[PDB]
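Heads up, the chain below is alone and in the form deposited in one PDB entry; it's given as structure tokens.
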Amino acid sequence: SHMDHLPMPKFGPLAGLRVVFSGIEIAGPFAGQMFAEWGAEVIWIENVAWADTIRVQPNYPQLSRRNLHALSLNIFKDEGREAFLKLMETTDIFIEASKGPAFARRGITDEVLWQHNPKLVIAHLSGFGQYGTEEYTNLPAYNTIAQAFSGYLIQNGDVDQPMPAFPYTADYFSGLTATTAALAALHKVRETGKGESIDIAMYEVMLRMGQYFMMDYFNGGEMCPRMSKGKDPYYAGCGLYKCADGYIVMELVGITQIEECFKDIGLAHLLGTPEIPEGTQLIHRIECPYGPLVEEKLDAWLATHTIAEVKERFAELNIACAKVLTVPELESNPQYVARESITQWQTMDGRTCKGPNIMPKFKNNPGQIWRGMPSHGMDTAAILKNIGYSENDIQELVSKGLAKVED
């Protein structure tokens, strides 16, 4: 009835949307919790005997589990499964992260889910997909493995040292993709009244994100080299450089930009040559015989100049650049301050917690932080009551080990 709902402020583009997620750590819960940043009612399912392993992390979970309601229920066993499937009847979106088609193996097929709610949007997040070969389909999902398997890892790092993107980059791309896809499927529901199942394989997500140069390989050209110390694989004066008192990123692009920079770095005599003709806008480091010399002289000029000096000079010449900010430099940055990009909120246990604000910024229906990370099973009793369980019913579930209520 009208009294049977979880209380929370009405806000955001997703007010009134009912999302439930089953999963631990980053990828799945990130996908689920994003809905909550933007106003949805999101229920975080944890197992009864053991909580989400994210909780071991000392601070991150205060951000990654904010705005959530906590259910602790064994969704695969007896009366716990009955409770889970009852919950599905009023759920709009269900997100789960598993080792392949684990839900189907345990008897909760999409068919079973749709029996309880034909409108349900189901997002399955896995390392290798819901179907494929016997060898790969049921393997564990890890960010490093997804990067390794997708060709993402091999293109990150230094010339002679590949490295993964950090931190847990594949988990975030995959989780975000799941949010996106579920919202898209939701659109279809609002016209047809028929749900959807989404097969998000982490390696396919990362495959797409690594295509900029890989498309050359697939279509008759060559795969790009890895960066050298964060410098562009192809274009001189682009990427990461070291100054006297820290790092900068820069983009040496444009006629006057190249002309005046060359003069500064002692290479004026290279201008107007066949190798660097009048009107050159971009220097290809491999194709141009002077590529390595340009880098040598650029490094030397930057090495003896401070970031402020470099920024001042690059501002004069309209060369796009930015200091590589260290973590201690973010909070006091005037743009961060003006936009309240880092904010504070209260934890459930009375402490001020610091971290990023809601992103992005919706004008008419902005997101907000309305509750800190909940404890294990904190909202179990309320959720079960809302879907028709008596106090006696809930007690029975708890004694049978099928649910856990508040600490």
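Residue numbers run from 1 along the displayed sequence. Basically, rigid core = biggest C-alpha set you can superpose within 1.5 Å across the two forms.
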Check: Hey, after superposing on the core, which one moves around more in 4 other deposited structures of this protein, 234-242 or 332-340, CA-wise?
Finding: 234-242
Check: Which is farther from the shown form in 4 other deposited structures of this protein in C-alpha RMS with the core fitted, 177-185 or 311-319?
Finding: 311-319
Next item on the list: Look up the CA B-factors in the entry and say which stretch, 239-247 or 200-208, has the higher mean.
Entry: 239-247
Notebook entry, point to check: If you average the CA temperature factors over each stretch, which comes out higher, 173-181 or 314-322?
Noted result: 314-322
Checklist line | Deposited CA B-factor, highest of 145, 87, 121, 253 | finding: 253
Margin query: Quiz for you: based on the deposited Cα B-factor, which of 328, 334, 129, 272 is highest?
Written below: 272
Margin query: Is residue 103 in the lowest, middle or highest third of its chain when residues are ranked by C-alpha B-factor?
Written below: middle
Next item on the list: Relative to the other modelled residues of the same chain, rank the CA B-factor of residue 301 and answer lowest, middle or highest third.
Entry: highest
Notebook entry, point to check: Looking at the C-alpha B-factor of residue 264, is it in the lowest, middle or highest third of its chain?
Noted result: highest
Next item on the list: Can you work out whether the C-alpha temperature factor of residue 217 puts it in the lowest, middle or highest third of the chain?
Entry: lowest
Note to self: Per the entry's values, where does residue 94 land by CA temperature factor relative to the rest of its chain, in the lowest, middle or highest third?
What the structure shows: lowest
